[PDB]
Ligand SMILES: CS(=O)(=O)c1ccc(O[C@@H]2CNCCOC2)cc1
């Protein structure tokens, strides 16, 4: 419909203006109080912080420059910040500030207190099809938005989907997101969610996100992912094989959609055909979905996370609390000039 076409045209205009003139240096570390580590990885962490003047809470991602360099994530880190400061969509966590110092890079995001979908899914076991469908619809709209901007996301998994106070999804972690008009080649993403063409070291495209959506919908509705095995090499063998087993409790419509998203041949995969995303939106499994009402956040969510207020961390887990040290000397200044 022309209304969707004009929406996406405006979305791309607004993205490009910020893309071509990125914001930089919009806060500093001593404007915030550190509260609690919410997650950690090989080159950084995410911490709940509170702004000292406004009292607002944020999730601050802190990346160690020297580790980013050592683990060959420079371009990915520059992609992450440049994309986040340019996008705007109801189901994406919002970047509020960014800055750097002698040691670290900082991306200060809205704090979503309801926790990761991964926690809720593993607690309940599996989501009913209507519950899975509510979340899947949000990812479909989000990928329609990102792909129309020539952005591939490349990190879909339950850990990256935060549940907000209204029960809606907020996608976090743009560390693998990239502006790509055609193909791209980097090996990245978690093993269970990789498309076959990533595993086979091909030049791949945005069809890998639609494969990952198939994995996510399967895992939400089953409680475990479709290509599960003990070690990555065994997972990769199952992914490239072109066979899946569906639980008998899956509806026929759900199985049909999944066979079309988990299509090994990327030229036959839903989302990547002539009709693009509309083959997904018009599929029978989504017949009950009001796409506009989802976008407008007018649908009552299936699940509202339990939390006490905007500073509650009970839906996140516990990690060793480490210093945020800042060297007296500048590290890796050249590499991160544009940040
Ligand atoms: C890219 S990084 O190395 O900076 C990094 C920071 C934070 C991370 O958080 C996840 C969140 N889920 C809870 C467990 O922690 C892992 C992961 C990686």
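Swiss-Prot numbering applies to chain A: residues 13-351, in that order.
Here the Cβ of each residue, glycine as well, is placed from N, Cα and C on the backbone.
For 44-298, the entry in Swiss-Prot reads domain 'Protein kinase'.
Secondary structure at residue 49 (phosphothreonine), taken from DSSP and collapsed to helix, strand or coil, is strand. For residue 49 (phosphothreonine), the same-chain residues 6+ apart in sequence whose C-beta sits under 8 angstroms from its C-beta are 57, 58, 59, 60, 331, 332, 333, 334. Sequence annotations record features per position, and here Swiss-Prot assigns phosphothreonine to 49 (among others).
Per Swiss-Prot, ATP binding site is recorded for 50-58, 73, 122-128, 169-172, and the stated evidence type is sequence analysis. The local packing around residue 50 (ATP binding site), expressed as other Cβ atoms within 10 Å of its Cβ over all shown chains, amounts to 21.
Taken from Swiss-Prot, the feature phosphoserine applies to 140 (among others). Note: residue 140 (phosphoserine) has non-local neighbours 314, i.e. same-chain residues 6+ apart with C-beta under 8 A of its own C-beta.
In this structure, residue 167 (active site, proton acceptor) belongs to neither helix nor strand by DSSP; it is coil. The active site, proton acceptor annotation in Swiss-Prot covers 167, and the record cites sequence analysis as its basis.
Annotation comment: Swiss-Prot describes 196 (among others) as phosphothreonine, evidence class similarity to another entry. The DSSP secondary structure for residue 196 (phosphothreonine) is strand. There are 17 other CB atoms within 10 A of the CB of residue 196 (phosphothreonine), with all protein chains counted.
Per Swiss-Prot, the feature phosphothreonine maps to 198 (among others). Counting Cβ atoms from all protein chains shown, residue 198 (phosphothreonine) has 13 others lying within 10 Å of its own Cβ.
What Swiss-Prot lists as domain 'AGC-kinase C-terminal' is 299-351, and the listing cites sequence analysis. For the domain 'AGC-kinase C-terminal' (299-351), DSSP puts the residue distribution at 5 helix, 0 strand, 48 coil.
Per Swiss-Prot, phosphotyrosine is recorded for 331, and the stated evidence type is similarity to another entry.
Sequence-distant neighbours of residue 339 (phosphoserine) (same chain, 6+ apart, CB under 8 A from its CB) are 114, 115. Per Swiss-Prot, the feature phosphoserine maps to 339 (among others).
Taking CA atoms as the reference points, residue 167 (active site, proton acceptor) and residue 53 (ATP binding site) are 15 Å apart.
Note on residue 73 (ATP binding site): other Cβ atoms within 10 Å of its Cβ, all shown chains, come to 28. On a Cα basis, residue 198 (phosphothreonine) lies 19 Å away from residue 53 (ATP binding site).
Annotation note: residue 56 (ATP binding site) sits in a strand segment as assigned by DSSP.
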